[PDB]
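**Student:** Pasting an experimental structure, sequence included:
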Amino acid sequence: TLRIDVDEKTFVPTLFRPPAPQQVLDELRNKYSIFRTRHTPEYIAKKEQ
Amino acid sequence: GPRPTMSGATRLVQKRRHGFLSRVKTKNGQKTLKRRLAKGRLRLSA
Amino acid sequence: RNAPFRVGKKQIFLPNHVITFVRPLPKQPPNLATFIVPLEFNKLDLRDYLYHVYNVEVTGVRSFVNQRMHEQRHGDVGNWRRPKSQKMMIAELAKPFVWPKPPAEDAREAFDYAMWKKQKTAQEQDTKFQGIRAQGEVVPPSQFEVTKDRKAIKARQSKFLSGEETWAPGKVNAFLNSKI
Amino acid sequence: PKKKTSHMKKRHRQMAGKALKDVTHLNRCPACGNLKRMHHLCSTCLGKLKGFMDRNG
Amino acid sequence: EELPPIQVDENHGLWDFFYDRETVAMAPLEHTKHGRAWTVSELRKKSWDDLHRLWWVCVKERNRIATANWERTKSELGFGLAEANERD
Amino acid sequence: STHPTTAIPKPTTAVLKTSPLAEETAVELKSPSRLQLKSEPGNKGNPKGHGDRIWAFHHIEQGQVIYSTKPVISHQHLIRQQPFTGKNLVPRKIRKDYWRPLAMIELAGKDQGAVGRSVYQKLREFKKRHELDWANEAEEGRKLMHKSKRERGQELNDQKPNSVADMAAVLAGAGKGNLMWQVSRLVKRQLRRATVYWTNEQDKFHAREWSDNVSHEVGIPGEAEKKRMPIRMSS
Amino acid sequence: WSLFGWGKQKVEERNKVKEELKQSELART
Amino acid sequence: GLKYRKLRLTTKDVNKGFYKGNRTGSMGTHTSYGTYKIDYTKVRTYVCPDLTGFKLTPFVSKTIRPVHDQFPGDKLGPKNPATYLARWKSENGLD
RNA sequence: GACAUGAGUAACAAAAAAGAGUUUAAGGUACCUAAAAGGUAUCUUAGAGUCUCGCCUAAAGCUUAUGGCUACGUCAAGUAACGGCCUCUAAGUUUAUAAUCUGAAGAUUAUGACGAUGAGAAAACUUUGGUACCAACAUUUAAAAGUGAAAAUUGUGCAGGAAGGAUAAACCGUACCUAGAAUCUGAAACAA
RNA sequence: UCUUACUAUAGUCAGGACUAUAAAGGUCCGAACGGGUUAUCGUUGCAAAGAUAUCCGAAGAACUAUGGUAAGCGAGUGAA
RNA sequence: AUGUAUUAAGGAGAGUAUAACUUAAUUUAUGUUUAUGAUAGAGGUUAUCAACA
Ligand SMILES: [K+]
Ligand SMILES: [K+]
Ligand SMILES: [Mg+2]
Ligand SMILES: [Mg+2]
Ligand SMILES: [Mg+2]
Ligand SMILES: [Mg+2]
Ligand SMILES: [Mg+2]
Ligand SMILES: [Mg+2]
Ligand SMILES: [Mg+2]
Ligand SMILES: [Mg+2]
Ligand SMILES: [Mg+2]
Ligand SMILES: [Mg+2]
Ligand SMILES: [Mg+2]
Ligand SMILES: [Mg+2]
Ligand SMILES: [Mg+2]
Ligand SMILES: [Mg+2]
Ligand SMILES: [Mg+2]
Ligand SMILES: [Mg+2]
Ligand SMILES: [Mg+2]
Ligand SMILES: [Mg+2]
Ligand SMILES: [Mg+2]
Ligand SMILES: [Mg+2]
Ligand SMILES: [Mg+2]
Ligand SMILES: [Mg+2]
Ligand SMILES: [Mg+2]
Ligand SMILES: [Mg+2]
Ligand SMILES: [Mg+2]
Ligand SMILES: [Mg+2]
Ligand SMILES: [Zn+2]
């Protein structure tokens, strides 16, 4: 890749929409792994009960 | 002397008799598994 | 944006699969394309993977699994296992595709075929001898290919016998300080 | 066998009168001069003449 | 083997598996003429659209290397599996 | 008892030189037959439409060919048209995923089915003389006699190129008693028009030369409906 | 130079041993 | 039977109703007469974007040396949710 | 554990059976030739084929099973020209549920689930109980004739002959071997 | 997964003869198949139960296939 | 083998840079000390020429 392209900054943070389609997160990590540390509030609420 | 007692043997009867599900699902089969597991066996069944 | 088939709803944005495009068989028509796909790949995936990624329409797909020989964990030692089988798929292209013919052996110099060939024959001859030993046999001395060292001792033999050269005692057998 | 055969009585059985006999019925071949058995055809001239009659005829 | 060859579309979708249209595999000397992998630092300045398009350039690039490895082995072209293992 | 022929130059009845061995062309070896010197042969004792079209199916992988009068082959064709060419080389059944229509021959006369029943006979008699009596390929071309019995049986199965050469020969008047000839005998004779439909345009190039009474068309009726597209050379 | 290491290396490494043998033959002449 | 009997059983060994899949996923449901109805809600499609005009390649020139990020004094440098929210305000305030 | 003796002995004998040519690859020799090469002949190893003879033949042939330490380019919506998966159930199984019995383990009954060696729409295009039933035996029936199935028709004997469900094409199998000539079981290349 | 009995689902038994039947018989001769009567060989065998010939049953209390049930303080099965 | 300290669920299948281990199978950052350490260069695959926390 040319040096002019590798240096181009195109990332603009967002707050109301995810950085990528929410479906992509299922591909980056395994939703059901026993190594999952980031759980949802609805899950922890069901685990504490 | 020894006899050809395995002539005409099928591999479906091998899974029904000495299979993994024939052992985890029975009280006496869970002992065989744990024994072979405690000894180090790789082939717990079949 | 209208695919010839019906597309699924589960969207895959970052597929991790590797698709290999293999050469067809000699007698196969030019509308069949053979690929090596993951074992979990199915006919619907290849049809959708070939159109959205490479823009290739297919009127049908065929798939067959190739098993792998059972082996030992460490070649000649270890427990008996079986590698993961291989899946091949043959797609019926809507547009014919013809492969190029392999280059002639004399025109493969870009790949260093000369050196590669010498190395291939060496391993071919070591695998053959190790099979002759697996039958409980050895190559008789009369059948061993004469090497370069045995061809130079026959040219000297004919030069000493003929009388061209005169034999003389060796001078490099050992570096003694006495020199007698 | 009641006993083990000793090194002497086994060496008698193996070599006393069982020495390989040297072939002495060798003569040269008239066409080429190579050594051949007596009353026999040269093996190097047979193949050469046998092949010479297959090409031209 | 002596039939008139059919005309294959120049812009065929399956020409993307080939490095060179005459010899599927690329010469080892010209197969090593590549740079280095993107560092996480460089990839932190790119939007989903760039990282989503840059991902598929690798998916198609890995398919191009698997295809060459099969052809080179099957057709006995020669060496080049040590140069592709670094590229892949 | 069988009698094999020798690969010797011979005269042909066809208008073209089917093989390099052919000495002459369009030679009368026998007086015209009953239906040969007839402007309109008819479907006398056969079903309506029978003989108007002839199909050829081939194994897309191995090259085995089957001729049929109907648009679909059955288990009879595989038994009555495929001789024993070695162990594991004669399939036990017709596998739908391997057998495809190779070509289709349609005559101009839409009710003269007797002309197709003759074209069908010479094609089936030429194919029997290709699996048997292949003296022209024993020492030349494919060199079937210089091959093992295993490899020899595979080449004898690959009758697809041979079948396309039997079409250019039969459709050009090859054979004795071929009804594709039309003798006026007022004595001038000519060949009847025909049309060959090809699923693959490149398949029609196995014949070194085609006659002047045959028209070539791409695509067989009913193949597009099956989602099978024809292969075109020009693209 | 083993028989099973000759093909496990890139062309640059292999083509660097031939110039070594080549340059070794120019001094022997 | 001595040894092959002891290997793991595969579908290429036995035929008497023994079935075993390759984890290709369920694409539908079975009918009562032995057919299969493909539920296209389970079928998966691959979203490949238009790559015409894309200038990034999978390699970066070796002239540009590999350098990491410093994030001095911030233990959770790249994962700090504060430097992601504060950075958002200046650059993109609306979204 | 290594190495002797018997001993270079027994054995390589299913009453099929061999004979003479030809050729390919790699390599070993001799001559030709001394520019290396190439050529002629021959031998070793691994193959191939031709002509003649004989052997098995309701096989020692072909197509496929059980099975496999033989090898991994074996390709199907369905029928003609396909099985599994799937639906249904038999003999049975049940660390399923309920009840009951019981030194514990457990056992019994009912229900559910599961369980083929069986039953499963259409297609050369397709999606009540003799008004019975589909055990054995016998008879008849796709109209030129004969033969063998399939299914059905009628009948005979007693030994008196299932269950249940119904009624746009995924996944898995597909290579080779069938035991007289290299593959299954018999410790093996076993006259079984 | 041998083997004994039972169990469910299935398959097989050329041809001829006699008998009251077209089909009603633990009928007859005899292949496949199932047995193992006599002799010979074999006995570190081809075989830890085989080969050859001979002999017996061969529509039945028959034989065969794929599953199932019943065995080890008590004894499962047993035309014993 | 004994002693001391610490800890209180174990195995297998397949795959993978064959010292590197999970389809991301050699992730990304902090602090300190760096030859008076700890116990003024070359080198991102010709790599990992840095240990501890
Ligand atoms: K109890
Ligand atoms: K009898
Ligand atoms: Mg992942
Ligand atoms: Mg984690
Ligand atoms: Mg016993
Ligand atoms: Mg049995
Ligand atoms: Mg087959
Ligand atoms: Mg198999
Ligand atoms: Mg099998
Ligand atoms: Mg089932
Ligand atoms: Mg003696
Ligand atoms: Mg003696
Ligand atoms: Mg002897
Ligand atoms: Mg030679
Ligand atoms: Mg007989
Ligand atoms: Mg074996
Ligand atoms: Mg399939
Ligand atoms: Mg199917
Ligand atoms: Mg059920
Ligand atoms: Mg069944
Ligand atoms: Mg045997
Ligand atoms: Mg036999
Ligand atoms: Mg055996
Ligand atoms: Mg049994
Ligand atoms: Mg009787
Ligand atoms: Mg009697
Ligand atoms: Mg008995
Ligand atoms: Mg004796
Ligand atoms: Zn001589």
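**Tutor:** Noted; the coordinates are in hand. Residues are numbered from 1 along each chain as shown, chains lettered A, B, ... in the order given. Ligands and ions are numbered 1, 2, ... in the order given.
**Student:** Tell me who's in contact with whatever residue of chain E ends up closest to ligand 29.
**Tutor:** For chain E and ligand 29, the shortest gap (CB to the ion) falls at residue E:76, measuring 46.8 Å. C-beta coordinates here come from the backbone N, C-alpha and C atoms, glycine included. Neighbouring residues of residue E:76 by CB atoms under 8 Å, 6 or more residues apart in numbering or on different chains: C:113, C:120.
**Student:** Look up which helix or strand it falls in, please.
**Tutor:** Residue E:76 is part of no helix or strand when elements are defined by DSSP states H and E.
**Student:** Ok, residue F:127 next?
**Tutor:** helix F:113-131.
**Student:** go on, residue D:46?
**Tutor:** Secondary structure assignment for residue D:46, by DSSP H and E: helix D:43-55.
**Student:** ok, residues contacting that helix?
**Tutor:** D:29, D:31-32, D:34, D:36.
**Student:** rerun at 7 Å
**Tutor:** Contacts with helix D:43-55, where a contact means CB atoms under 7 Å, 6 or more residues apart in numbering or on different chains, come from D:29, D:31-32, D:34.
**Student:** Check those for burial and list the buried ones.
**Tutor:** Among these, those classed as buried by neighbour count (16 or more other CB atoms under 10 Å in any protein chain shown) are residue D:29.
**Student:** before we move on, back to that, flag every buried residue along the helix holding residue D:46.
**Tutor:** Neighbour-count burial for helix D:43-55 [16+ other CB under 10 Å]: residue D:45.
**Student:** With just CA atoms, put that helix into CSV.
**Tutor:** Output in CSV follows, covering the C-alpha atoms of helix D:43-55 (Å, rounded to 0.1, in the frame of the first residue of the first chain):
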residue,chain,number,x,y,z
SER,D,43,26.5,-65.6,-25.2
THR,D,44,27.8,-62.3,-26.5
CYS,D,45,28.0,-63.4,-30.1
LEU,D,46,24.7,-65.2,-30.0
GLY,D,47,22.8,-62.1,-29.0
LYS,D,48,24.7,-59.9,-31.5
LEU,D,49,24.3,-62.3,-34.4
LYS,D,50,20.7,-63.0,-33.3
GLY,D,51,20.0,-59.3,-33.5
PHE,D,52,22.0,-58.8,-36.7
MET,D,53,19.6,-61.2,-38.5
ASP,D,54,16.5,-59.3,-37.2
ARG,D,55,17.4,-55.9,-38.7
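**Student:** Nearest residue to the middle of the chain?
**Tutor:** The chain I'm using is chain A. residue A:25 (4.8 Å; CA atoms, centre = their mean).
**Student:** meant chain E, my bad for not saying
**Tutor:** Nearest to chain E centroid, counting by CA atoms, centre = their mean: residue E:64, 2.9 Å.
**Student:** which residues touch that residue?
**Tutor:** E:17, E:19 are the contacts of residue E:64 under CB under 7 Å, 6+ apart.
**Student:** so who does the residue nearest to residue F:126 when sequence neighbours are not counted touch?
**Tutor:** Nearest residue to residue F:126, sequence neighbours excluded (CB to CB, 6 or more residues apart in numbering or on different chains): residue F:166, at 4.2 Å. For residue F:166, the contact set (CB under 7 Å, 6+ apart) comprises F:123, F:126-127.
**Student:** what element comes up after the host helix or strand of residue F:166 heading to the C-terminus?
**Tutor:** In this structure, residue F:166 sits in helix F:160-170 according to DSSP H and E. Note on helix F:160-170: by DSSP H and E, the next helix or strand toward the C-terminus is strand F:181-183.
**Student:** do you know how far residue D:31 is from RNA strand J?
**Tutor:** Relative to RNA strand J, residue D:31 is positioned 51 Å away (CB to the nearest atom of the strand, to the nearest Å).
**Student:** can you check residue C:59 too?
**Tutor:** 41 Å.
**Student:** Just say helix, strand or coil for that residue.
**Tutor:** strand (DSSP: H, G, I helix; E, B strand; the rest coil).
**Student:** Which element, helix or strand, includes the residue in chain G positioned nearest to chain F?
**Tutor:** As assessed by CB to the nearest CB, chain F sits closest to residue G:7 within chain G, at 32.1 Å. Here residue G:7 sits in a region with no helix or strand, counting by DSSP H and E.
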